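J.: Mind looking over this structure? Questions follow.
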Amino acid sequence: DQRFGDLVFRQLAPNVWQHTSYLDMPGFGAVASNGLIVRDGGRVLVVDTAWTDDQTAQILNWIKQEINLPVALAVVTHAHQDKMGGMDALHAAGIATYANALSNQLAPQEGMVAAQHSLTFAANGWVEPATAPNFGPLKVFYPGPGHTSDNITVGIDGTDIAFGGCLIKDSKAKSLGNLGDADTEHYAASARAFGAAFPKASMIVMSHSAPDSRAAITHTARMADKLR
Ligand SMILES: C[C@@H](O)[C@@H](C(=O)O)[C@H]1C[C@H](SCCNC=N)C(C(=O)O)=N1
Ligand SMILES: [Zn+2]
Ligand SMILES: [Zn+2]
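Just so it is clear: in the sequence shown, position 125 is 167 by the entry's author numbering, and no numbers are missing.
Here it is as structure tokens:
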């Protein structure tokens, strides 16, 4: 792990890093939120912002120092603060941002700044290639409603890494966390769909725990089984 300001960065692969930011909440302590940084050729792709604009600006600052390649785009995985809280920092830097069309629709209602572009998805959950221009190794998949209705997931092609966001919890998790906006009926099936969408992926990255094995997916699905 590397510390940069109030943020932590961990290299997961030759071209993949995890960024970690924290938000303090009275009576619940500091909560970590993870996103991904991917170097693809002569450019950098980012998955999810940090909690805030200032923290997200630091991600860009870290990228400039450690990778020194222009950030081509960013993808945010749903309309909550830990994923889209720092959209302004991205837009201020002239970075093209992408989100589920539903996330952008929900964003103002959630007090979030919408992404500049909208992703749409086929009936099998895979992103419409026309909506995800120049995404490189990023394979975006909508597993169905779970943590939220708009939640999406990202696989990193050429690696053993898949990003489940807040949909997937680690194998040692006791709860599915914030179920405030959750679809308790479909959550389990959505978790399993994610696993099936990236079957060879052996490293599962998620929002609120260190990278885990595929057991995180199964364990999450089985916790969600008890919500039906
Ligand atoms: C405040 C929102 O951004 C919230 C959300 O996206 O629903 C964040 C924080 C909680 S963390 C709840 C328990 N996890 C503790 N590490 C959470 C989650 O459980 O996935 N996501
Ligand atoms: Zn969330
Ligand atoms: Zn979260």
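All residues carry an ideal CB built from backbone N, CA and C; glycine is no exception.
#1: Could you pull the start and end residues of the beta strand (DSSP E) that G237 belongs to?
#2: Hey, out of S63, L65, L132 and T94, whose CA is closest to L87's CA?
#3: With a threshold of 8 Å, are at least 3 pairs of Cβ atoms found where one atom belongs to the stretch 113–121 and the other to the stretch 87–101?
#4: By the DSSP assignment, the alpha helix (DSSP H) with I198 in it spans what residues?
#5: Run through DSSP, which three-state label would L218 get?
#6: My understanding is that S145 touches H120, with C-beta atoms under 8 Å, so please give their C-beta distance in whole angstroms.
#7: Could you check whether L180 and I198 sit closer than 8 Å to each other, using their CB atoms as the reference points?
#8: I'd like to know whether the C-beta atoms of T195 and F177 end up nearer to each other than 8 Å.
#9: Considering only the alpha carbon of each residue, which of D48, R45, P187 and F46 lies closest to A235?
#10: Should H122 be listed as close to ligand 2, given that the test is whether its C-beta is under 7 Å from any heavy atom?
#11: Let me check you understand the geometry: is the CB of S255 closer than 7 Å to at least one non-hydrogen atom of ligand 3?
#12: Under a three-way DSSP split, which group does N146 fall into?
#13: Alpha helix (DSSP H) containing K106: first to last residue?
#14: Answer yes if the stretch 203–221 comes into contact with the stretch 259–269, meaning at least three C-beta pairs across the two stretches below 8 Å, and no otherwise.
#15: From which residue to which residue does the beta strand (DSSP E) around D82 run?
#16: Hey, would you say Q158 sits closer than 8 Å to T173, going by beta carbons?
#17: Tell me the rounded alpha-carbon separation between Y229 and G167.
#18: Confirm the yes/no value for this check: CB of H250, any heavy atom of ligand 3, distance under 7 Å.
#19: When you compare only the Cα positions, how much space is there between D192 and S251?
#20: With a threshold of 6 Å on Cβ separation, who are the neighbours of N142 within its own chain once the five nearest residues in sequence on each side are excluded?
T.: By the coordinates alone:
#1: Not the beta strand (DSSP E): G237 falls in the alpha helix (DSSP H), residues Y229 to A239.
#2: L132
#3: yes
#4: Careful: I198 lies outside any alpha helix (DSSP H), inside the beta strand (DSSP E) at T195 to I198.
#5: coil
#6: 5 Å
#7: yes
#8: no
#9: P187
#10: yes
#11: no
#12: helix
#13: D95 to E108
#14: yes
#15: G71 to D82
#16: no
#17: 14 Å
#18: yes
#19: 21 Å
#20: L161, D192 and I194
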